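Everything below concerns the one structure shown next.
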Amino acid sequence: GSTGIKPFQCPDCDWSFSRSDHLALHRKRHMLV
Ligand SMILES: [Zn+2]
């Protein structure tokens, strides 16, 4: 049906997280801030 999209998504790997902190835990390696 639909794609496995989540409210918090990585625009780099196309990762999907149901939790904001989980996405941040992932995208921090993209941000390096
Ligand atoms: Zn990513």
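Ordering of the structure tokens sets the chain letters (A, B, ...); residue numbers start at 1 within each chain; ligands are numbered from 1 in the order shown.
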Neighbourhood of ligand 1 at 10 Å, counting only C-alpha atoms and all ligand atoms, reported as JSON, numbers by chain = {"A": [9, 10, 11, 12, 13, 14, 15, 16, 23, 24, 25, 26, 27, 28, 29, 30, 31]}
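In the backbone-derived DSSP annotation, strand (DSSP E) within chain A comprises residues 8, 9, 16 and 17 of chain A.
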Output for the residues just chosen: N, CA and C atoms as an mmCIF file, in the first residue's frame:
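Result file is result_4.cif:
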```cif
data_model
loop_
_atom_site.group_PDB
_atom_site.id
_atom_site.type_symbol
_atom_site.label_atom_id
_atom_site.label_comp_id
_atom_site.auth_asym_id
_atom_site.auth_seq_id
_atom_site.Cartn_x
_atom_site.Cartn_y
_atom_site.Cartn_z
ATOM 1 N N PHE A 8 8.963 11.572 11.520
ATOM 2 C CA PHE A 8 10.328 12.052 11.582
ATOM 3 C C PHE A 8 11.183 11.251 10.611
ATOM 4 N N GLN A 9 11.604 11.890 9.537
ATOM 5 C CA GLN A 9 12.287 11.184 8.471
ATOM 6 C C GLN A 9 13.647 11.795 8.168
ATOM 7 N N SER A 16 13.257 6.390 8.615
ATOM 8 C CA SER A 16 11.999 6.816 9.188
ATOM 9 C C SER A 16 11.927 6.457 10.664
ATOM 10 N N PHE A 17 11.575 7.437 11.478
ATOM 11 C CA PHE A 17 11.500 7.250 12.914
ATOM 12 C C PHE A 17 10.168 7.753 13.444
#
```
Backbone DSSP call of alpha helix (DSSP H) for chain A, listed as number ranges by chain | A: 20-31
